[PDB]
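Below is one structure; the comments refer to it alone.
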Amino acid sequence: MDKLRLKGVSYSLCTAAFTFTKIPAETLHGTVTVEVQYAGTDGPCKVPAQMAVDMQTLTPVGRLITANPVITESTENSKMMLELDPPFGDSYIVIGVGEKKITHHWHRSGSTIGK
C-alpha cells in the first residue's frame with residue numbers, strides 16, 4: 001500500500017483557455033467527475049488534469065479511473081466528462097496552466113481518525 005510511481009515529467013506547451021463547467025460532486029459510489037471547456041485543437045488529445053491538498057507542492061494524489069479521454073467532436077466549445085476518485089480529505093482540482101488558471105474547493109468532512 002501507499003506505493004510510489006515516479007516515472008518522470010516532461011511535456012509540451014499548449015495555447016487554449018479552460019474553465020470549469022460541471023462542479024465536482026461525490027456520490028454514493030465515492031467518485032467525482034470533472035468537466036471543462038476545451039478550446040483550440042479540440043482534441044482528440046490529452047488534457048491537463050490534477051488535484052492536491054496544497055498548491056505550493058501540488059503533489060500528485062488520487063486514483064486513476066479514466067483511461068484516455070479525448071475530444072473527438074469537431075465542432076467548437078466541445079467538452080468531455082472524466083472520472084476521479086481522490087482520497088478521504090480535501091483537494092483542489094485544477095485544469096490547464098497559465099494566468100487564467102482554474103481551481104475548485106473540494107473538501108470532505110466526516111471521519112473519526114485524525115490522521
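Naming works like this for the C-alpha cells: A, B, ... for the chains as they're shown, residue 1 at the start of each chain, ligands 1 onward in shown order.
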* Which residues, written as a PyMOL selection string, have at least one atom at most 8 Å from residue 92 (chain A), with only C-alpha atoms counted and residues fewer than 3 positions away on the same chain left out? -> chain A and resi 51-54+103-106
* Pick out the residues sitting within 9 Å of region 29-43 of chain A, and hand them over as a ChimeraX atom specification; count only C-alpha atoms, and ignore anything fewer than 6 positions along from it in its own chain. => /A:14-23,49,70-86,93,95
If you keep C-alpha atoms, can you produce a file of those selected residues as a PDB file, in the first residue's frame?
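What follows is the written file part-v6.pdb:
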ATOM      1  CA  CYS A  14      -0.442  24.445 -25.448  1.00  0.00           C
ATOM      2  CA  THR A  15      -2.488  27.517 -26.370  1.00  0.00           C
ATOM      3  CA  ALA A  16      -6.115  27.406 -25.233  1.00  0.00           C
ATOM      4  CA  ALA A  17      -8.360  28.708 -22.454  1.00  0.00           C
ATOM      5  CA  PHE A  18     -10.091  26.411 -19.965  1.00  0.00           C
ATOM      6  CA  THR A  19     -12.870  26.790 -17.396  1.00  0.00           C
ATOM      7  CA  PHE A  20     -14.885  24.567 -15.059  1.00  0.00           C
ATOM      8  CA  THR A  21     -18.448  23.893 -16.207  1.00  0.00           C
ATOM      9  CA  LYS A  22     -19.601  20.915 -14.141  1.00  0.00           C
ATOM     10  CA  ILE A  23     -18.922  21.313 -10.420  1.00  0.00           C
ATOM     11  CA  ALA A  49      -5.913  17.377 -15.017  1.00  0.00           C
ATOM     12  CA  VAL A  70     -10.032  12.944 -25.648  1.00  0.00           C
ATOM     13  CA  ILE A  71     -12.165  15.362 -27.662  1.00  0.00           C
ATOM     14  CA  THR A  72     -13.474  13.501 -30.708  1.00  0.00           C
ATOM     15  CA  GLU A  73     -16.049  16.124 -31.688  1.00  0.00           C
ATOM     16  CA  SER A  74     -15.016  18.561 -34.421  1.00  0.00           C
ATOM     17  CA  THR A  75     -17.263  21.491 -33.511  1.00  0.00           C
ATOM     18  CA  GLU A  76     -16.071  24.189 -31.112  1.00  0.00           C
ATOM     19  CA  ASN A  77     -16.821  24.632 -27.408  1.00  0.00           C
ATOM     20  CA  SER A  78     -16.602  20.848 -27.082  1.00  0.00           C
ATOM     21  CA  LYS A  79     -16.369  19.428 -23.562  1.00  0.00           C
ATOM     22  CA  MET A  80     -15.931  15.965 -22.046  1.00  0.00           C
ATOM     23  CA  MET A  81     -16.546  14.265 -18.700  1.00  0.00           C
ATOM     24  CA  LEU A  82     -13.932  12.443 -16.621  1.00  0.00           C
ATOM     25  CA  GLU A  83     -13.790  10.042 -13.674  1.00  0.00           C
ATOM     26  CA  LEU A  84     -11.901  10.842 -10.470  1.00  0.00           C
ATOM     27  CA  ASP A  85     -11.635   9.036  -7.133  1.00  0.00           C
ATOM     28  CA  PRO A  86      -9.499  11.054  -4.680  1.00  0.00           C
ATOM     29  CA  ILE A  93      -8.956  20.124  -8.953  1.00  0.00           C
ATOM     30  CA  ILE A  95      -7.175  22.298 -15.285  1.00  0.00           C
TER      31      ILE A  95
END
* Asked: Which residues, written as a PyMOL selection string, have at least one atom at most 10 Å from residue 108 (chain A), with only C-alpha atoms counted and residues fewer than 6 positions away on the same chain left out?
  -> chain A and resi 26+87-91
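Running DSSP on the backbone gives strand (DSSP E or B) for these residues within region 13-67 of chain A: residues 20, 21, 22, 32, 35, 36, 38, 50, 63 and 64 of chain A.
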Residues from last step as file, N, CA and C atoms, as a PDB file, in the first residue's frame:
ATOM      1  N   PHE A  20     -14.017  25.592 -15.627  1.00  0.00           N
ATOM      2  CA  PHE A  20     -14.885  24.567 -15.059  1.00  0.00           C
ATOM      3  C   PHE A  20     -16.344  24.829 -15.418  1.00  0.00           C
ATOM      4  N   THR A  21     -17.044  23.777 -15.831  1.00  0.00           N
ATOM      5  CA  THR A  21     -18.448  23.893 -16.207  1.00  0.00           C
ATOM      6  C   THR A  21     -19.330  23.035 -15.307  1.00  0.00           C
ATOM      7  N   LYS A  22     -18.857  21.833 -14.995  1.00  0.00           N
ATOM      8  CA  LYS A  22     -19.601  20.915 -14.141  1.00  0.00           C
ATOM      9  C   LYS A  22     -18.916  20.753 -12.788  1.00  0.00           C
ATOM     10  N   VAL A  32     -15.953  11.291  -8.273  1.00  0.00           N
ATOM     11  CA  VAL A  32     -16.270  12.641  -8.721  1.00  0.00           C
ATOM     12  C   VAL A  32     -15.926  12.828 -10.194  1.00  0.00           C
ATOM     13  N   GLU A  35     -15.613  18.371 -15.586  1.00  0.00           N
ATOM     14  CA  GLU A  35     -15.870  18.774 -16.964  1.00  0.00           C
ATOM     15  C   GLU A  35     -15.542  20.250 -17.169  1.00  0.00           C
ATOM     16  N   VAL A  36     -14.839  20.549 -18.256  1.00  0.00           N
ATOM     17  CA  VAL A  36     -14.459  21.921 -18.569  1.00  0.00           C
ATOM     18  C   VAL A  36     -14.647  22.220 -20.052  1.00  0.00           C
ATOM     19  N   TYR A  38     -12.975  22.768 -23.407  1.00  0.00           N
ATOM     20  CA  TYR A  38     -11.739  22.576 -24.158  1.00  0.00           C
ATOM     21  C   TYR A  38     -11.787  23.325 -25.485  1.00  0.00           C
ATOM     22  N   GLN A  50      -5.240  17.605 -12.698  1.00  0.00           N
ATOM     23  CA  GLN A  50      -4.535  17.241 -11.475  1.00  0.00           C
ATOM     24  C   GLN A  50      -5.243  17.807 -10.249  1.00  0.00           C
ATOM     25  N   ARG A  63      -6.681   8.561  -7.419  1.00  0.00           N
ATOM     26  CA  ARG A  63      -6.611   7.341  -8.212  1.00  0.00           C
ATOM     27  C   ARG A  63      -6.901   7.630  -9.682  1.00  0.00           C
ATOM     28  N   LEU A  64      -6.553   6.683 -10.546  1.00  0.00           N
ATOM     29  CA  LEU A  64      -6.776   6.835 -11.980  1.00  0.00           C
ATOM     30  C   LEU A  64      -7.941   5.967 -12.445  1.00  0.00           C
TER      31      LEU A  64
END
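Between CA of residue 60 (chain A) and CA of residue 4 (chain A) lies a distance of 10.1 Å.
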* At what distance in Å, to one decimal, does CA of residue 115 (chain A) lie from CA of residue 8 (chain A)? -> 29.0 Å
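Compared by their closest atoms to residue 107 (chain A), and using only C-alpha atoms, the residues A:6, A:44, A:65, A:24 rank with A:24 nearest.
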So that I can check the surroundings of residue 69 (chain A), please list as a compact mmCIF listing (two decimals) with N, CA and C atoms, in the first residue's frame every protein, DNA and RNA residue that reaches within 7 Å of it, counting only C-alpha atoms and ignoring chain neighbours fewer than 2 positions away.
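result16.txt, freshly written:
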# COMPACT_ATOMS: atom_id res chain seq x y z
N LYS A 46 -4.96 14.65 -25.16
CA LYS A 46 -4.96 14.58 -23.70
C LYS A 46 -4.98 15.98 -23.09
N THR A 66 -10.11 7.10 -15.34
CA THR A 66 -10.17 7.26 -16.79
C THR A 66 -8.95 6.64 -17.47
N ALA A 67 -9.13 6.20 -18.70
CA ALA A 67 -8.05 5.58 -19.46
C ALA A 67 -7.32 6.62 -20.31
